[PDB]
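Sequence lines, in order, name chains G and W.
Counted the way the UniProt record's numbering counts, the first sequence spans residues 16 to 511.
Counted the way the UniProt record's numbering counts, the second sequence spans residues 16 to 511.
We treat Cβ as the ideally placed atom computed from N, Cα and C, and that holds for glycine.
Have a look at the structure below before the remarks.
There are 2 protein chains.
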Amino acid sequence: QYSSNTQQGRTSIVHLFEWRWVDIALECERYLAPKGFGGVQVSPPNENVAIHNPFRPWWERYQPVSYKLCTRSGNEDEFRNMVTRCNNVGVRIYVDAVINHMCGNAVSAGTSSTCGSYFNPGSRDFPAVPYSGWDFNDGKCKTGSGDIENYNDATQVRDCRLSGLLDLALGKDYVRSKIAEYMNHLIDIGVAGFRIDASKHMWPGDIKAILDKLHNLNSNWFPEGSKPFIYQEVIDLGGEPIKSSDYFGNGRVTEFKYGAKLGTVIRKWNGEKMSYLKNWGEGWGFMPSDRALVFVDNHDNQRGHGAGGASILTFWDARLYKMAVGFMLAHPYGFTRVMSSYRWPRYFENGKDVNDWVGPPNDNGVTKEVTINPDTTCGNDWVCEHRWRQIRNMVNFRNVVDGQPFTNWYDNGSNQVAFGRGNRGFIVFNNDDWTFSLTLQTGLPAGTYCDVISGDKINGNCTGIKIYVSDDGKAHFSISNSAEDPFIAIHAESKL
Amino acid sequence: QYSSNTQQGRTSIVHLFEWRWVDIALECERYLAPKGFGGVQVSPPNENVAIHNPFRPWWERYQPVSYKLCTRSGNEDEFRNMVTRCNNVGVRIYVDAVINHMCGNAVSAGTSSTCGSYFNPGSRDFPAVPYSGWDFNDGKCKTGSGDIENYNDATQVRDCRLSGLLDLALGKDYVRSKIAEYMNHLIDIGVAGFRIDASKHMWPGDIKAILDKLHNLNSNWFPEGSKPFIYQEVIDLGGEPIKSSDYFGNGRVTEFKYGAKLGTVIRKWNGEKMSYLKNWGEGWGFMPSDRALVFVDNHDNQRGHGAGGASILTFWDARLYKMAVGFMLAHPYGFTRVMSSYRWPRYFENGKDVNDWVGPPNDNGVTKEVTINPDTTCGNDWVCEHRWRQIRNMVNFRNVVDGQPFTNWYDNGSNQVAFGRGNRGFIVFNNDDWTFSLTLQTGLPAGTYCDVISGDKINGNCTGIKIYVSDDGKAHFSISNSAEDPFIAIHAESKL
Ligand SMILES: [Ca+2]
Ligand SMILES: [Ca+2]
Ligand SMILES: [Cl-]
Ligand SMILES: [Cl-]
């Protein structure tokens, strides 16, 4: 469950948040694959509730109605097509498994669901699964409201409803089998792994129990004995009885400390600065590197009230986003995931985004297709950070320097750093307010390297900055505190 | 060190942030004392640096220059006068001890100091103490910058400089004696205890070592064997090697989880709601009640980037501030402290308050006196939350119900709660968006009680809401979701 199952060098997976299958299919073939991306974190592919108030939320997909692969992204047919096509290009698909609950109990009974299955939350009836009264933890939960009231009572966290969300009774085999059936169905199609949603609200043991019921990856794209890659969403920044570690037995864990801290350091808040990043990794109190799944921002927290808080850097602050993402990708710690969002009428009001609920760009609740522009950017309001050059090349930079150790770190006791990955890469940062000039030991073979940030190496030449390295490995760098991008990166493949 | 040393029933101490001695003297006599306040947390009474950039900060008082009781609040003469006068009315004085460091090392040498003592930070010379090179942890600190670089290395946290702040060598006896001398000087004047600043950056043992060198409270106002009340500033919300508990041996600890969480619950963020507050206290993972020192907001975090984050409620959001403060005071857990701030040109910019550095209201760096208006409010820009009726009476409510157990808790599985303190008090809350009507068991003797929130009991009558309780203890309540104050509180002394 620890192996990504990616294909050939590929070190990172992108989350094409709320995208439609037909669009990820294409995206895979036309970009993802040729641009070295490992895989795609898809949105909950199961039939969910249709929330009309507010209008079609970004979170209605985390409120299950059945396990029919039939969401706003498409139907099973379209879904299979995507996996098949993406797999044919070495781009893995990772399904967002929503398995601790169904929809909110308050929700009105009816057919208001992405696939039209009937369902009555008040009576606990989900005929399309099927689930019923005794398949939910109603009895088991010890709280007065039946809701999670105190995150200090590890037990009520897993046995009670998260925000009123009907908590499936995962202790029962009927339920574990129904879920395993769902996840196995996916696997048979060609899935490479999952993102176990709300892992904190599930007993590690239950998650294991369920995982153990899984088949092996489809012999048609994976080797014999391939195990579904498993990363579980657990938000643990201390202060709670439940610890990320509690889940290492099932697979990787989402390290939310990573993105939080990094952002705090890039934003230069709380006296933090980049020179303090010498021992970035387990050194800053982060879960063991090969049990971690990192990212700067994830779909949820990029909206402000996630784990990190206002400190989380998102696409909105591009100049600093690109940097934090660049640093992350360049550093060896954890397994990386890059975000790819969509734009929305962000309107802050005393502390909150009154619109952080807004769903994907659409036309009367119908998700807009992702259109590509001659300059490789997207249309219809899809941000497409994964297509940005500064990130894209760094997504590749990671690939190129894979396996190489962290070294040749330099700092100016401020915000001007730089470090390399063995002899295949080097990256230099300047988050200070004064031009950065100095000759650094790049630990790279002599030659002329193209900065894959300001440009690329095309037809034997750089389109951006050129860096000159000499036998002794040294090279001079110059990054103005107001440069387009205050950081430069070079690697074995960007050498002329 | 655990006993507050307060006087007769008095359960809470107010922090008259940045106030001048002459003003606290008066305040004590004219208000504090008659209104049942226990004590006052004064600002660092020692000579500090004079920061002209930005102009006279709220934090220059946490950057020591000598131990001369001579700050912007006044001179020793004025200081003694305050203590003497306040003590004469049963109002204790608690000094903010700034003892882990002096000023920042970067600071220019000179006499730019509240009392004019000379001092050279670069050479480590504080002739007015006196301290010198070997009296600071310069050697001891293992980091490269000499600054605290990783809060995951408990040891460098106490041996290295906090934000460049020269870290006093508290391992040495010369230093412990110099500090003890300072704290003992204070005690001889009439101090009741302290607030040990930056306790996290000091070894529990050092703090004990220093405390042990202290005399006993002045026999002129305290009983024989009175021990200085000790509450240490330690910000611990988990995730770190250093734990609040690590200091229980010295005295109480600032529980920052309290204010954070409560605010999150009142703001109705992260699915939180008041009905979940059944077992508020150690039940929510908080440090042992009689080792805790609670508050909603403290001088630091009320500015946003403190422990709690944007979740911390301050005077700015009065409607919700009053409630959180009311709940806190009404609930038995921990020893309470109420904040009293001053207004400032708050200007937010992408995440931060570009003015959270602004000092107290003034006239060319001279602190403005605190003026009182006919309606009991303050002038010259001093907020004076401690004078607000909703708080003031609750500060007394605590006194009245002292010793009584938590009971008769009620919730509507939402935000409409209520609970009582034995048979001397009852409080009802409505933080829901719909009028609150219901007959609750107040566990109070039958009679007609005045709501000490909407009004008072004066000359045998209520000036605000009247609550009618019958023998059976029941009483009806009605709080509109848009009432002036969405919570009502009654107690033994507000009965006609
Ligand atoms: Ca659960
Ligand atoms: Ca220290
Ligand atoms: Cl996630
Ligand atoms: Cl404090």
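Beta-bridge analysis with DSSP links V80 of chain G to no other residue. Under the Cβ criterion of 8 Å, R95 of chain G is not counted among the residues facing chain W. Counting C-beta pairs closer than 8 Å gives three or more between the segment 101-121 of chain G and the segment 19-34 of chain G, which meets the contact rule.
Runs of the alpha helix (DSSP H) spanning 4 or more residues and lying entirely within the segment 67-127 of chain G occur at 91-102, in chain order.
Residue state for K283 of chain W is assigned as coil, using DSSP reduced to three classes. Pairing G89 of chain G with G125 of chain G, the inter-Cα distance amounts to about 21 Å. At a cut-off of 8 Å between beta-carbon atoms, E44 of chain W makes no contact with chain G.
Looking at W:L180, W:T457, W:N313, the one whose alpha-carbon comes closest to that of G437 of chain W is W:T457. Interface flag for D426 of chain W against chain G is set, since a Cβ pair is found closer than 8 Å.
Judged by the Cβ position, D500 of chain G fails to qualify as a neighbour of ligand 1 at the 7 Å threshold, every heavy atom of the ligand being at least this far.
Assignment of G324 of chain G by DSSP, reduced to helix, strand and coil, places it in the helix class. If you check the C-beta of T269 of chain G against ligand 3, you find a heavy atom less than 7 Å away.
Here DSSP, grouped into helix, strand and coil, assigns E62 of chain G to coil. Comparing C-alpha distances from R76 of chain W to each of W:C399, W:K50, W:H116 shows the shortest one belongs to W:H116. A check of alpha carbon separations from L31 of chain G across G:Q16, G:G51, G:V55 identifies G:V55 as the nearest. Below 8 Å, too few C-beta pairs join the segment 126-145 of chain G and the segment 215-225 of chain G to call them touching: fewer than three. Between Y336 of chain G and the set G:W403, G:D227, G:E44, the nearest pair of CA atoms involves G:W403. No heavy atom of ligand 4 is found nearer than 7 Å to the CB of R306 of chain W. Of all residues in the segment 290-322 of chain G, only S290, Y291, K293, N294, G298, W299, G300, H320 place a beta-carbon less than 8 Å from a beta-carbon of chain W. In this structure, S509 of chain G lies away from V443 of chain G, with their beta-carbon atoms at least 8 Å apart. Leaving aside the five residues that flank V484 of chain G on each side, the residues in its chain whose CB is nearer than 7 Å to its CB run, in chain order, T457, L459, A461, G462, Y464, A490. The beta carbon of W73 of chain G does not come within 8 Å of any beta carbon belonging to chain W, so the residue lies off that interface.
One Cα belongs to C85 of chain W, the other to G341 of chain W, and the distance between them is close to 36 Å. Not flagged as an interface residue toward chain G: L181 of chain W, since no C-beta distance is shorter than 8 Å. Within its own chain, the residues whose Cβ lies closer than 8 Å to the Cβ of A275 of chain G, once the five positions on either side in sequence are excluded, are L252, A322, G323, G324, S326, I327, listed in chain order.
CA-to-CA, the gap between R358 of chain W and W74 of chain W works out to about 16 Å. If you check each beta-carbon in the segment 236-257 of chain G against every beta-carbon of chain W, the ones closer than 9 Å belong to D251, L252, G253, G254, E255, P256.
Taking the Cβ of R107 of chain G as the reference point, every heavy atom of ligand 3 lies at 7 Å or farther away.
Only those residues of the segment 261-276 of chain W whose C-beta falls short of 8 Å from the nearest C-beta of chain G are listed: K272. Taking C-beta atoms as the reference points, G394 of chain G and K272 of chain W fail to come closer than 8 Å.
Ligand 3 has no heavy atom closer than 7 Å to the beta-carbon of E400 of chain G. For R334 of chain W, not one C-beta of chain G is nearer than 8 Å to its own C-beta. DSSP lists W:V484 as the beta-bridge partner residues of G462 of chain W. When 8 Å is used as the limit between beta carbons, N63 of chain G is near no residue of chain W, the shortest such separation being about 19 Å. Within the same chain, and ignoring the five residues on either side of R71 of chain W in sequence, the residues whose Cβ sits closer than 8 Å to its Cβ are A65, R87, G374, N377, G380.
For the segment 154-176 of chain W, the set of residues with a beta-carbon nearer than 7 Å to any beta-carbon of chain G comprises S160, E164, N165, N167, in chain order.
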